[PDB]
Amino acid sequence: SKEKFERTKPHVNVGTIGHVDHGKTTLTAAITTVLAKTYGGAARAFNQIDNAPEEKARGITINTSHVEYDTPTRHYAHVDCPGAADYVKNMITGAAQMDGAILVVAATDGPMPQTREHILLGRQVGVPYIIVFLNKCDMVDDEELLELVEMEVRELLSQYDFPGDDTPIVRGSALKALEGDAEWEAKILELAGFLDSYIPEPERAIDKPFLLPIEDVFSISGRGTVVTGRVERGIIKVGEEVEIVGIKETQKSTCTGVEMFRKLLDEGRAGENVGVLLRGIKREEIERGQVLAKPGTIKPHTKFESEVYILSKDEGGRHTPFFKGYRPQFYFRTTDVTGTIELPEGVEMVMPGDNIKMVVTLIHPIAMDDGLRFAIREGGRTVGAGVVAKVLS
RNA sequence: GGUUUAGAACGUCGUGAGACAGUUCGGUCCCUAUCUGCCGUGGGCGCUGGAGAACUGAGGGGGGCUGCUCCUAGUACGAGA
Ligand SMILES: Nc1nc2c(ncn2[C@@H]2O[C@H](COP(=O)(O)OP(=O)(O)OP(=O)(O)O)[C@@H](O)[C@H]2O)c(=O)[nH]1
Ligand SMILES: [Mg+2]
Ligand SMILES: [Mg+2]
Ligand SMILES: [Mg+2]
Ligand SMILES: [Mg+2]
Ligand SMILES: [Mg+2]
Ligand SMILES: [Mg+2]
Ligand SMILES: [Mg+2]
Ligand SMILES: [Mg+2]
Ligand SMILES: [Mg+2]
Ligand SMILES: [Mg+2]
Ligand SMILES: [Mg+2]
Ligand SMILES: [Mg+2]
Ligand SMILES: [Mg+2]
Ligand SMILES: [Mg+2]
Ligand SMILES: [Mg+2]
Ligand SMILES: [Mg+2]
Ligand SMILES: [Mg+2]
Ligand SMILES: [Mg+2]
Ligand SMILES: [Mg+2]
Ligand SMILES: [Mg+2]
Ligand SMILES: [Mg+2]
Ligand SMILES: [Mg+2]
Ligand SMILES: [Mg+2]
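Its first residue numbered 1, the first sequence is counted upward by one per residue in the deposited numbering.
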């Protein structure tokens, strides 16, 4: 919090997706040291991407860490996802703000169950674009074996409804690029080119009023409570009235500084991850799931009608009927919440793979409007996508 | 230290002397090694003329224990941990 962030080069939210222990987090560490050395940005290291006791004694990542690497054309902002089966909830917050992912499948193991589960969550939430990266390569010195894995990833993406064959598959070791190998340094410089070429300039909404979902709350020693997250729409000026709506109730507030990776800002525009500092709020009372809206724009609701599209076995979901009293998890912008289902009259049962409308009473109120997209999940897997129809409360 | 002598007391049994795998406090542990054995250390003669060395090695005898940490490799094995 000292240097002013100059608004030059378009902002893009990138992040690594893939299987457990697959060079997902190590790729992010390779991207920093490669781009910092040649172009001449800020250095950083692989340690700062994941410290704590939880990501050292174990080794695995839980928290969605963030990184800022700059290139001549654009200014990227990384989101390193966790990857494991237990950490799907805090991943979806990292994956929702991500515009164009970098998928991570490896040349020794290949596509494994989580890779299918990750890309499934990317479609229903919001992941337009995706780039493959083979994160081992050197361990198996062979031309025939390494290229057989490329075929199966093209099959996976195309089977699940992505381009597949059009996606630029890249090969390169992360640990070799970390030290200083001229061939492998240049091969991950090539990935920075593939991010620039394939992913276009993202479409933001800097017109309709301010909204910002809170991904992770902080308490800065000196300033007060800081909320992070991508600004979904509108803008944020310093010393402007902001209403925090969602779980519990609703509180008034005012912004006292917006920032971009420990650098000051005047206007926090849409489509970019920013840390908003709120005035006169405690760490405990403000929680994860609430949204920073402009006063009057949005209202918290505990009941709503919604056109729910339930999935079948082929698309990946439930395979049995259910009656009123069923309680699955509804993932709106960031957080999840449980809610009882009340079906319409003249509908005895809800079969899998069917379009119907239904009233859903949530246990916690969340800020919502008509035409909001969500993805229902239960039992460590997906259930059904849909849209909000009418407000009731 | 315990149990097992003489003192004393408690509970208990006995009219009592006393008694109790009931308890409680106090209460002499000798031996200079002949033989066998064993550990060492010599004298004597023998080994075929004597003497000084150096050995071979039949046959004994000691010795023989394991831990972590790193590397292999977060590799194989596992959705994962
Ligand atoms: N040979 C090789 N090993 C790698 C590479 N990248 C990572 N590793 C190994 O895997 C670990 C790196 O963590 P990754 O699993 O790649 O990334 P991650 O985000 O921690 O993975 P998740 O647990 O899924 O979050 C290190 O301990 C490395 O030993 C690579 O490019 N080549
Ligand atoms: Mg990860
Ligand atoms: Mg006060
Ligand atoms: Mg005694
Ligand atoms: Mg005694
Ligand atoms: Mg007596
Ligand atoms: Mg007796
Ligand atoms: Mg007795
Ligand atoms: Mg005693
Ligand atoms: Mg005495
Ligand atoms: Mg004595
Ligand atoms: Mg004698
Ligand atoms: Mg003797
Ligand atoms: Mg002897
Ligand atoms: Mg003789
Ligand atoms: Mg002789
Ligand atoms: Mg002879
Ligand atoms: Mg011998
Ligand atoms: Mg003999
Ligand atoms: Mg022996
Ligand atoms: Mg040993
Ligand atoms: Mg190691
Ligand atoms: Mg190891
Ligand atoms: Mg591991």
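Even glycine gets a Cβ: it sits at the ideal position worked out from N, Cα and C.
query = Are the CB atoms of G275 and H11 nearer to each other than 8 Å?
reply = no
key: Those residues which DSSP pairs with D80 across a bridge   = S65
task = Quick one: grab the DSSP three-state call for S158.
result = helix
request  = Between the Cα of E345 and those of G384, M358, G353, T338, spot the shortest distance and give me the residue it belongs to.
outcome  = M358
Per-residue DSSP class, three states only, for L146 = helix
inquiry  = Going by C-alpha to C-alpha distance, which of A174, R373, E348 sits closest to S306?
reply    = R373
ask   = What are the uninterrupted segments assigned as beta strand (DSSP E) that are 3 or more residues long and contained completely in the region 203–229, given in chain order?
value = 211–213, 216–220
key: Alpha-carbon to alpha-carbon, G353 and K263   = 48 Å
Where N47 falls, given that 16 or more other Cβ within 10 Å makes a residue buried = exposed
task = Give the DSSP bridge partners of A367, in chain order.
result = Paired residues: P300.
message = Does the structure place the region 301–321 close enough to the region 373–392 that three or more beta carbon pairs sit under 8 Å?
response = yes
request  = Closer than 6 Å by C-beta to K294: which residues in its own chain qualify, once you throw out the five before and the five after it? Chain order, please.
outcome  = Excluding the 5 residues flanking it on each side, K294 has same chain C-beta neighbours closer than 6 Å at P209, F210, in chain order.
ask   = Whose C-alpha, out of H364, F330, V14, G40, is nearest the C-alpha of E378?
value = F330
message = Output needed for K390: all residues of its chain with C-beta closer than 6 Å, excluding positions within five of it in sequence on either side, in chain order.
response = Once the five neighbours on either side are set aside, the close Cβ partners of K390 are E305.
Nearest to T28 (by Cα), restricted to the options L189, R154, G110 = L189
Own chain, CB closer than 6 Å to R171, minus 5 neighbours either side, in chain order = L134, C137
message = Nearest by alpha-carbon distance to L156: which of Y39, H118, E201 is it?
response = Nearest C-alpha to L156: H118.
query = Grouping DSSP H, G and I as helix and E and B as strand, with all else coil, what is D196?
reply = DSSP places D196 in helix when its eight states are reduced to three.
ask   = Using CA coordinates, which residue listed in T382, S393, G384, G380 is at the minimum distance from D370?
value = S393
ask   = Alpha carbon to alpha carbon, what distance is there between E285 and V149?
value = 49 Å
query = Given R283, which residues of its chain have a CB within under 6 Å of its CB, disregarding the five upstream and five downstream residues?
reply = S219, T225
query = Nearest-angstrom Cα distance between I366 and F332?
reply = 9 Å
message = Quick check: the region 95–109 against the region 38–47, are at least 3 beta-carbon pairs closer than 8 Å?
response = no
request  = Assign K187 to one of three DSSP states: helix, strand, or coil.
outcome  = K187: helix per DSSP, three-state reduction.
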